[PDB]
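Indexing begins at 1, ligand by ligand and atom by atom, following the structure's order. One is the number of the first residue; the rest follow in order along the sequence.
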Amino acid sequence: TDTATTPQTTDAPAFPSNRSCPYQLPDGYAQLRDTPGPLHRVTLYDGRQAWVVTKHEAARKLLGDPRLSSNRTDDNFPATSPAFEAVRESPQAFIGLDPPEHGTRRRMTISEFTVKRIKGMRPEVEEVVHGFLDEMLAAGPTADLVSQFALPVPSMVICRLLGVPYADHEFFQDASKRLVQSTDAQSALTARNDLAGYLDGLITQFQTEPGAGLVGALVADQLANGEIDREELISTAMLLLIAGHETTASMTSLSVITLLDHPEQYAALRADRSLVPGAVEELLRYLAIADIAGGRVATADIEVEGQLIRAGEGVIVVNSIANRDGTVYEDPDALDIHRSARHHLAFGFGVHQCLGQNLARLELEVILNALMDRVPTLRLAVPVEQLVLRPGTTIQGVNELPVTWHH
Ligand code: HEM
C-alpha cells in the first residue's frame, strides 16, 4: 500500500560487508576507513545498531580496555548473523571470558604454544606439508588446493597438538566447517553438538587410558583436580581444534591467490627466502581474515575521542579496516612484502591476542617455502573472477581453489 519513496542513504551502513576481491576491503569498508574518527555506527543483520572501530590506535586502546567485555552470552553482545545465537546459548571457552577467569583457563593451554614448542614442531610441520604435497602432485594435473592441501595440513598439525586422532578427520573437519560457516542457528548448534559429543567420548577414553597431547594433559591434570569443568574442557578443545583448522587454511588459499596476482613480489620472494617471514606478516596484515573475532560489549560508558560508547552497546573492532590505517602503513592498500607490517592487528591485541599466532606463522612460512620449492610453476586453474569468496559473517577465504602446474 506504500513503499520507501525517499533517498536511502544511511549513516549506519549494513555490517558486515562481503569481499568482492580476496585482498581488498569491501567497498563499504573502504568508506568506513576514510571517515575521520575512531568509531562509526553500523546496522547489524537484525536491525540493532552497533559501533565499529575503524582506526589502528583506537583499535589497540579498545581491545586493551577491560570495560569492553568478550562475554558472548551477554544479551547485548553484537551478533552479526542469526547463527551467532548458537554461540550465545552454548558454553564458552576462554575466548569468551574476561579477567580473571580468562587467564586461569588460557594458562592451561599456553605450554603447547610457546616459542620453544613451536620450534620443536617444525619437523612435523614440514613433514605434514611435504607429505600432502607429495600426494596432491601425484594425484592429478589439477587439484583443489583447499581440500587437498590448505585444510588437511593445519588439521593434522593441530590434531597432533591436541591429541585428537586424525582417523576421525572426515567427521570433525566437516563439523568444523559447518559450525564456522553456518548461516542459521540450527545448523550451527547441530555442528557444535556433533563436535561436543565426539570430544566428550575422547575425554572418557583418556580417563581410562591417559592420552597424548593437550586434551590428554587437561584430562589427567586440571580435570582430575576439578580446576576445569568437563564442559569447559570440551569447549576449550573445540575452540583450539576449529581455530587451528580454519584460520591457517584460509591464509594459505588467500595468500596463493594474492601472491599470484602480484607476480613481481612473488618472484622476489622466491629469489630470497629470508623475505618469507616478513611476507607472512604483510599477508597477515593485508588479508586480515578474522574480523568475526572483534566483537565486544561495553560494561560501562567509554569516551573515545569525543564519542561515547554507552554501557550495553555492542562494539566490533574491525581489524581489517584498522590494518589499512594509512597513518600506520603508508599506502595501506598496496601489498608490499618489503614493508614493515609490525603492529598489525590480524591477531588482535591484548589479553585475547591469538594464542596460535606463532604456530600460524610457522605453518605459513613452511607452506610458502614448500610451494616455491616443490611447485614453482603453480598457477590458478580458473580466473580469479570465477572464485567464490565466503561472506563477511565468517572467516574470510574460498571454499574451493582450482590450481594446476607443470607435470
Ligand atoms: C592463521 C591465522 C590466524 C588468525 C588471523 C587468527 C586471528 C585471531 C584473532 C584476531 C584473535 C583475537 C580474538 C578476540 O580478540 O576475540 C584470535 C584469538 C585466538 N586464536 Fe587465533 N588466529 C589465527 C590462527 C590461530 C591458530 C592456528 C590457533 C590454534 C589453536 C588459534 C587459536 C586462537 C585462540 C585459542 C584464540 C583465543 C585467545 C584468547 O581468547 O585468549 N588461532 N585469533
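When ring centroids are compared, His344 and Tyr329 stay outside the 6.0 Å threshold. Taking the six-membered ring where the residue is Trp, the centroids of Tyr45 and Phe15 are separated by 6.0 Å or more. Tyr23 has its ring centre less than 6.0 Å from the ring centre of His262.
Between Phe84 and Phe77, the ring-plane angle classifies as parallel under the 30° and 60° cut-offs.
Around atom 7 (C) of ligand 1, the closest heavy atom drawn from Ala346, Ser250, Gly350 belongs to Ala346. Residue nearest to atom 40 (O) of ligand 1, selected from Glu363, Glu112, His352: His352 (by heavy-atom distance).
When all heavy atoms are compared, the tightest approach of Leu364 to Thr252 is CD2-OG1, 3.7 Å. When all heavy atoms are compared, the tightest approach of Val398 to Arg390 is O-NH2, 3.7 Å. The heavy-atom pair separating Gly120 from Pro123 by the smallest distance is O-CD, 3.6 Å. The two residues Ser147 and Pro152 come nearest to each other via the heavy atoms O-CG, 3.3 Å. Nearest heavy atoms, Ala79 versus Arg48: N-NH1, 3.6 Å.
Of all the atoms in ligand 1, the ones that sit under 4.0 Å from a non-hydrogen atom of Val351 are 41 (O). Near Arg106, with a cut-off below 4.0 Å to any heavy atom, the atoms of ligand 1 are 38 (C), 39 (C), 41 (O). Close approach to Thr248 involves these atoms of ligand 1, each under 4.0 Å from a residue heavy atom: 1 (C), 27 (C).
Salt-bridge annotation for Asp336 and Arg285: absent, with no side-chain N of the basic residue lying under 4.0 Å from a carboxylate O of the acidic one.
For a threshold of 3.5 Å applied to N or O pairs, the pair formed by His102 and ligand 1 contains at least one separation below that value. Not one N or O of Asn319 is nearer than 3.5 Å to an N or O of ligand 1, by distance alone.
Around atom 21 (Fe) of ligand 1, the protein atoms of type N, O or S found under 2.8 Å away are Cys354 SG, listed by chain and number.
Among all protein heavy atoms, the one lying closest to atom 15 (O) of ligand 1 is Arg296 NH2, 2.7 Å.
Counting heavy atoms under 4.0 Å from ligand 1, residue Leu345 does not touch it at all.
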